[PDB]
Amino acid sequence: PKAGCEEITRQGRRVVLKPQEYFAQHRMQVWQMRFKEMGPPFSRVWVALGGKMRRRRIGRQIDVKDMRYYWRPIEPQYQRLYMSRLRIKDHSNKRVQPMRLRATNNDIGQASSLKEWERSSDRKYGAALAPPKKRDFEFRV
Amino acid sequence: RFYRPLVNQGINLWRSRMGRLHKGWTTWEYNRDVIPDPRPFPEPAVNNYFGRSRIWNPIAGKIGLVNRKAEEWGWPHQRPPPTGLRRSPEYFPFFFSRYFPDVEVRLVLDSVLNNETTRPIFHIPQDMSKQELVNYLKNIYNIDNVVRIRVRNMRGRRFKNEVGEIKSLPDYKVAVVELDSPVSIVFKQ
Amino acid sequence: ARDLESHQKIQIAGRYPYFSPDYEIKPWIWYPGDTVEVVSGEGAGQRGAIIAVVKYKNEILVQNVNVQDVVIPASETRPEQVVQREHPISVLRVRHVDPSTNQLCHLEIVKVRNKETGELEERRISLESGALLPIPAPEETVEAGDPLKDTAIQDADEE
Amino acid sequence: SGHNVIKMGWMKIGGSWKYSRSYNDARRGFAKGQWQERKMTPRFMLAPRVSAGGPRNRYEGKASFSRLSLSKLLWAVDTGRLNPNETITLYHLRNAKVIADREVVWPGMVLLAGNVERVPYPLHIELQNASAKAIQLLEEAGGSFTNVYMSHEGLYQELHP
Amino acid sequence: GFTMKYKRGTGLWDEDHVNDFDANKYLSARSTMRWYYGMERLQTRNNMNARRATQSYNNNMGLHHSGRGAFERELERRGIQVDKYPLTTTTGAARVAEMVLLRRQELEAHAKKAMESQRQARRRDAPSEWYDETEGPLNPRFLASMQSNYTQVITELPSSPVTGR
RNA sequence: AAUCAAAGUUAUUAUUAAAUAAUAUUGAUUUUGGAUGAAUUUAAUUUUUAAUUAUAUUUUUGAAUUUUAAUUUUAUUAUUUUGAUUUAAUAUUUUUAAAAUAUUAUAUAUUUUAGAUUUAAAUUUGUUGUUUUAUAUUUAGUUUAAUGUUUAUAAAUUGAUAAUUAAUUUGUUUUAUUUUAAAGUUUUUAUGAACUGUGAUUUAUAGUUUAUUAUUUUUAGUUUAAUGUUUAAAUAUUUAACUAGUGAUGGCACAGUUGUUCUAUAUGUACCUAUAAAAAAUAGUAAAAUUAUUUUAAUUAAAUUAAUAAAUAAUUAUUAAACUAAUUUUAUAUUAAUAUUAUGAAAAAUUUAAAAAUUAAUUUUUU
RNA sequence: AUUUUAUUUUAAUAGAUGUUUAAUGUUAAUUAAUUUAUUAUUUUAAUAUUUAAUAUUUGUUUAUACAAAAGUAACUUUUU
RNA sequence: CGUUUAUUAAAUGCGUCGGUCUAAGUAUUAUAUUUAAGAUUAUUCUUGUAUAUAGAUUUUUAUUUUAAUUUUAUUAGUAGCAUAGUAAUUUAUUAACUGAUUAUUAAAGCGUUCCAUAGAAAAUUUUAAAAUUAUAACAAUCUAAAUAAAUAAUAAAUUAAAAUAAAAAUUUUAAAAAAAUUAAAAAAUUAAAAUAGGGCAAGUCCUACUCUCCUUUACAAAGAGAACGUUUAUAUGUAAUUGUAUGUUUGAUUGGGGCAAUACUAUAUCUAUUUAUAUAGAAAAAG
């Protein structure tokens, strides 16, 4: 009667709650292996390794075949690019810090430290990163 | 969880080139499961028309049988009469008919008024054949001289009531009987 | 066929609002002749007697109140007249005045064990005075009956 | 109340969109599932894969323990949250709100002598993997430290007995 | 899915741990009767719903409507108590809370009479030195409520701050 | 000749919409069969009208993801008996329909004439108002959380074991959002052989040249031309041509990655890109838009690279910073942190180039 | 020649060096003058204009066959 | 002699011919094609598909398919014949980019060629009513007004004219400097037009084959005392419908240096272990 007066009387599809994503999606693994982020608070270098360290060695300079061995920082122009996908976790909240590259030990439990998980004995206190579970010697599938 | 899949962008965008014919639609979003209705939307089964070409719906409806039973025999409560009795002229609606007919042979007076007539016209229900109209006038109105009956079928009168719904009367069957010795009616003013 | 224009769609509701079921009020309280006066609308404080009641629409002819000049239509036989009649007036704006107390009373039903008879007939009673007002009994018409096409009772009840 | 268009201050609503050529393009959002670096060989791809799982990866069974600085534990024992008599197993630390749920994961914990040059009273602890200095600090003041290293099945039955 | 079903009845009142986003700022006279009657309904609407399911599913499994198989019928015929912890039944709670109310009521009348021992041990037929108002004017409404505890009039305050007499 | 600026009120009528609510449900809108049934049949180990509390793992390196929550326990598919409740929305029709200023040879409304003129938006990649949109009135017309008060605690490290004298915050756990309009497409199944193909289908209602049953040909519906050009027509009027069909406008028959084709990529219901249906495909990579006056700190840049521009510098921006000799008792925008779909600089001064401008150049670049 | 003309100041204003809405507007605790100030130069959708003193329209005079599809705005009483 | 969506040396059609087929149809037959009937003839030679083949590929040319680049013999040849051209000659016309003839090395026609040829399209000659130039030459029917009341288009106009310079552009503006209403005709301008015509960009489409790749139904192997259907392995077919086929300056270039005012468009020149990052494999200590 008002929105369309005939489009809203005959009925089409009704939309519902839209499922979310893996909310540690942007710590993708081409950094969880390439880099590692070191540093005290408010200065986090994403130190990376040398560029030429596996391809062509014979004949390259003697004292530059080793500049490939140091944990150099990546220049901040890329620090801010990669760490941009991590900030988006709660934007406009000027006091939440960015997601970290690796999962710090206290936040993993922060998921199961929630008033709703207190009743899941399994998966609490670390069960994934726990050692593999041990079962009855008769356990079988 | 079912994690949001990112269908529109990313690889799932290009994967169509990478040998993937059917790019599925997001059947997790509309997931409120209540059926839409097709754009060639069907109109309801009610015969909207009220012209002279109004047609009888041949298709048998379920309810019409159920509404038949509940009056033939108390349907949900009284068990049925055995199929032998139902195939018999002693079944009540065949017994209420063979002994208590229900007919409306109304006479039109505009042809039998002060003007003498040999062909008085009737109206008989659509399902009174000729030789029954004979039997009727013979055994109920003592009319004993009917050599020829002449039968039409007329779409019942239609009109719009002051409200506005087309209130079409039931249909009938003009049957111009032809008596031998003419009949008449007097009207003193 | 199709449906009407909207305010003429509900004009069909507006003109004939008594066609919806239960438009007739909860068990009837107002009958012909009873003490009544209009409190709302027109002429507050006009005590009258109820001439006639049409029920299906909750309407009453309150005498001496809302007397609407009647345009009586007549043939060539008799000359028409213009006499006013009290127009069918609503009841939602009329109450009862106690036939004894003569003050605006709320008349509502009760069930009373009758005396010498056990009908327990639903009897109207005021909510203040307990004025036991019975339901008036209607009348069988004196001059009713078709002379030539009636099977006599003694002739029609022959078992 | 305004459009924080990039490269041009914060514009008003109803303002001029002559200069929002890239605000209409930073509102769609970052490309999803697409390399951030359009040219120039992404800095991630240039660097070499190291340690096939990663430089700090945690596999199933890694000994990564959350650090309980000894100063914390020593601060509590005087404050009065912890009773110095009862061998202070991790139940006491958890139930006395010294450490919460969000810091006790499977390798239970680790005692770290952080700036604690001295421990004054005989202190007994049943924790997991104290640091060598933290051990030689408790052991000097007549205390003990019997490092319990319980399986995960033991980590539960110690916190919710 | 998982929706904290172990919290439905485990609240302290009836309106708790039931997510009802449909609220309003001012719920009117009959919208409040509609509300209170509502919380209990979907608290008893839920229960007898969940009881008819368990009692019917148990009856279809051939065993007593409360799950009691052939064993726990045979033991009760023997008198051997078959349930380890017999939680207190409806007779219990409706009695374990029947005396507590019978106790308070006999303590009120025990204490209603008690305070009169001390109230009549308050000779002050004139107001104490709280009747000062050098700090700020007294409250005329309250005095009319404190007039009972005296004999001299209290409410009559001059245009000036009270002197004290 | 000629102007002259200006009428805001119908009048009169009453129980829908939308979400919500966790009780019913063999397919809503006449009366099967009406011989006696054979004709009223939808069923199978797959994300299904079944809709699932984590950030760690592990993984074609890059769109892939977390395991009972209390075992029938309540997250569960829903209305009459408060116009059924609530909050948001609000009308739709009937008939209404109005008004008394500026010259006297001519640029544009102010009374006192003269002064006065981008209509705007975009686009200006300063090929600098670059040939784009707008008749007017009213209605409808676009989603990034500007905030952290007492229970209460966080903070790193190796490739790996481990090591953690290594030094240090914050947080009763903050997540969700991400423009608007717009394709051709593309895939998923339903409809269509009344138009038109082809299959099949009619065995002699006018004229005529020739010896001839073959054959010239009367030929008023059709290879041309005029008119018509939103036309009387989303193909008609007039007309040229052609016309001999025992082998064909036609029983019913073939249907969409496919039918049919005397084959033109032609047609299969008035654009074959079939219709119909179901999607949010992509469209920032010069499309069109993106709604709130009276404000209160400035500027440009021009380099590494590009199976040629979402990425980098440099600039600009948001937020924040500390006073290192140089001078006057002058004068000084220097930075950090993040946000950033950009490759080309008037007039000069010169420099490449047939340039016939482009290119380098570097100071401009109006509220 | 000189003089003399288009930008070298003041005064009032009025915070300051130009782009993030002002709201107890019936005290969303309303009750007889709230005088609501807030209204998107385009988009569709509905109206109204311009083209339009118009383009079309204009009814003066008379050379007979019967089916079926197709319709059913459809009147009825007429002698199948 | 039929038959067609831009209507014809389109595609049909008879014959001949090539190939296939004797357990579904008659091997002077019917499938499957290429041509075209009629009349003359139908040339030289093979590198690949096909056939045959012998574990297969690789090899391999009775007939067929496609080919012949100097096949080019017959035959016609400036021809719908890649330019060269109006071919050079002859006619024909007052004037021959016409057309026809002769021959004849035609950019690379060519044996399915060539001839014969009827109503068609040309070229002459010639005659002739369409109002063909000359040429202009209303008899006919198609009012106004009165009535009904649509359409494209519409930012505005009081300026629009007109002349001149411009600066990026066709000029339109700006500027300077100039000076006439309503009605109907005309189409010079405004957008008198629609919509075609370009070329570039990103996107998608559709068709094609020695080199890319699946769902693929064929070929071969194996397994079942092989009673036939399936499953494999090895193979990968344009029968296969996926995606690529660029970018920059215009057709070449892609690197890191240097000289050319410590400018460099590619400007102009040159040089050379100036080095090819990652990921799987390869090297297991530091290499």
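Residues numbered from 1 in each chain as written, not as in the entry; some residues may be left out. Chains lettered and ligands numbered in written order. Part of a larger assembly, values for the part shown. Heavy atoms only, no water.

Per the PDB record, this model was obtained through cryo-EM at a reported resolution of 3.6 Å.

Looking at the PDB entry, one finds chain C named uL24m, with Leishmania major as its source organism. The record for the entry shows the title "The Large subunit of the Kinetoplastid mitochondrial ribosome".

As annotated in the PDB entry, chain B carries the name uL23m and is attributed to Leishmania major.

**Q** Which parts of the structure should I look at to understand unusual backbone geometry?
**A** Trans peptide bonds make up the majority, and among non-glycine residues the majority have a negative phi. The backbone phi angle of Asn58 of chain C is positive, close to 55°, even though this residue is not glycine. With respect to the element layout, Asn58 of chain C can be found in the loop between β2 (46-54) and β3 (59-62). Unlike most non-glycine residues, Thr41 of chain D shows phi in positive territory, near 45°. Summarising the element assignment, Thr41 of chain D is placed in the loop between β2 (11-12) and α1 (43-46). Since its relative accessible area comes to 48%, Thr41 of chain D is described here as partly exposed. (Helix = DSSP H or I, 4+ residues; strand = E, 2+ residues; numbered from the N terminus. Buried < 20%, exposed > 50% of the residue type's maximum accessible area, 1.4 Å probe, protein only.)

**Q** Looking at this structure, how should I read the packing of aromatic side chains?
**A** To describe a pair of aromatic rings, one takes the distance between the centres and the angle between the planes. The final tally for this structure, using the stated rule, is 23 aromatic pairs over all chains. Here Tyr16 of chain C and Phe19 of chain C contribute two aromatic rings whose centre-to-centre distance is 6.2 Å and whose plane-to-plane angle is 75°, an arrangement assigned as edge-to-face. Overall, the relative accessible area of 32% leaves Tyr16 of chain C in the partly exposed class. Accessibility expressed as a relative area gives 63% for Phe19 of chain C, which makes it exposed. Put simply, the rings of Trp31, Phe35, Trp46, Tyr78 and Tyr82 of chain A together with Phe44 of chain D touch in pairs and so form one group of aromatic residues. Here the basic side chain of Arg94 of chain D rests over the ring of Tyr91 of chain D, its NZ or CZ set 4.7 Å away from the ring centre. (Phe/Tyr/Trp six-rings, centres within 6.5 Å; stacked < 30°, edge-to-face > 60°. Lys NZ or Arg CZ within 6 Å of the ring centre and 35° of its normal.)

**Q** Is there a simple way to explain the arrangement of the chains in this structure?
**A** Take the five pairs of chains in contact: the one carrying the most contacts is chains A and D. The two partners chain C and chain D share no contact, and the minimum distance between any of their C-alpha atoms is 40 Å. In this structure chain B stays clear of chain E, and the shortest span between their C-alpha atoms is 10 Å. (Contact = heavy atoms within 4.5 Å.)

**Q** I keep staring at the sheet that holds strand β1 (residues 106-107) of chain B and nothing clicks. Help me out?
**A** Strand pairing in a sheet relies on backbone hydrogen bonds. The paired strands run either parallel or antiparallel. All names here are of chain B. One open sheet accounts for four strands, arranged β1-β2-β4-β3; its pairing is antiparallel. Where the open sheet ends on each side, the last strands, each with one partner, are β1 and β3 (146-151). Two strands pair when backbone bridges link them, and β3 and strand β4 (residues 173-179) are joined in this way by five bridges, in the antiparallel orientation. Bridge pairing links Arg150 to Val176 in β4. Its contacts with the sheet put helix α5 (residues 130-140) on β2 (121-124), β3 and β4, and the angle it makes with β3 is roughly 130°. (Pairing = 2+ DSSP bridges. Axes fitted to C-alpha atoms, helices over the stretch in contact; angles between N-to-C directions.)

**Q** What should I look at first to understand the sheet that holds strand β8 (residues 104-105) of chain C in this one?
**A** All names here are of chain C. Ordered in space as β6-β3-β2-β1-β7-β8, the six strands form an open sheet in which the pairing is antiparallel. With partners counted over all chains shown, the strands left at the sheet margins are β6 (88-90) and β8, one partner each. Looking at chain direction, β3 and β6 are connected through three bridges and run antiparallel. Counted as the bridge partner of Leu61 is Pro88 from β6.

**Q** I keep staring at the protein's contact with RNA strand H and nothing clicks. Help me out?
**A** In the vicinity of RNA strand H there are 17 residues, among which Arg34, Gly51, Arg54 and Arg60 of chain A together with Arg17 of chain B approach most closely. Within 4 Å of the protein, the atoms of RNA strand H are drawn from sugar and phosphate moieties in a proportion of 89%. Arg34 of chain A places a polar side-chain atom, nitrogen or oxygen, 2.5 Å from a sugar or linking oxygen of RNA strand H. Residues belonging to the surface near RNA strand H are distributed by class as follows: six nonpolar, three polar and eight charged. (Near = heavy atom within 4 Å. Polar contact = N/O pair within 3.5 Å; in protein donor to acceptor, adjacent residues only side chain to side chain. Nonpolar A, V, L, I, M, F, W, Y, C, P; charged D, E, K, R; others polar.)

**Q** Explanation requested: the pattern of salt bridges in the structure shown.
**A** A side chain with one charge can pair with a side chain of the opposite charge if their charged atoms come near. Using the criterion set out here, one finds 16 salt bridges over all chains in the structure. Where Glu21 of chain A meets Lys32 of chain D, a salt bridge forms, and the shortest distance between an N and an O atom there is 3.4 Å. Of this pair, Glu21 of chain A sits in the segment before α1 (29-32) while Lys32 of chain D sits in the loop between β2 and α1, on two different chains. We note a salt bridge from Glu72 of chain B to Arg68 of chain B, for which the minimum N-O separation is 3.7 Å. Linking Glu72 of chain B with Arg68 of chain B, this pair stays in helix α2 (residues 62-72), spanning four residues, or about one helical turn. (Salt bridge = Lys/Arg side-chain N within 4 Å of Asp/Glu carboxyl O.)

**Q** Help me understand a negative patch on the surface, please; the structure alone is not making it clear to me.
**A** Residue and element names in this part refer to chain B. A contiguous patch of negative charge, built from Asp102, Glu104, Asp127 and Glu132, is present on the exposed surface. Position of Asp102 relative to the elements: it lies in the loop between α4 (92-99) and β1. A relative accessible area of 69% means that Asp102 is categorised as exposed. (Patch = residues over 30% accessible without salt bridge, like charges linked within 9 Å, V, L, I, M, F, W, Y side chains within 5 Å. Areas by Shrake-Rupley, 256 points an atom, 1.4 Å probe, with all protein chains shown as cover. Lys, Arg positive; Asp, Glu negative; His and termini not counted. Charge placed at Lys NZ, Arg CZ, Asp CG, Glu CD.)

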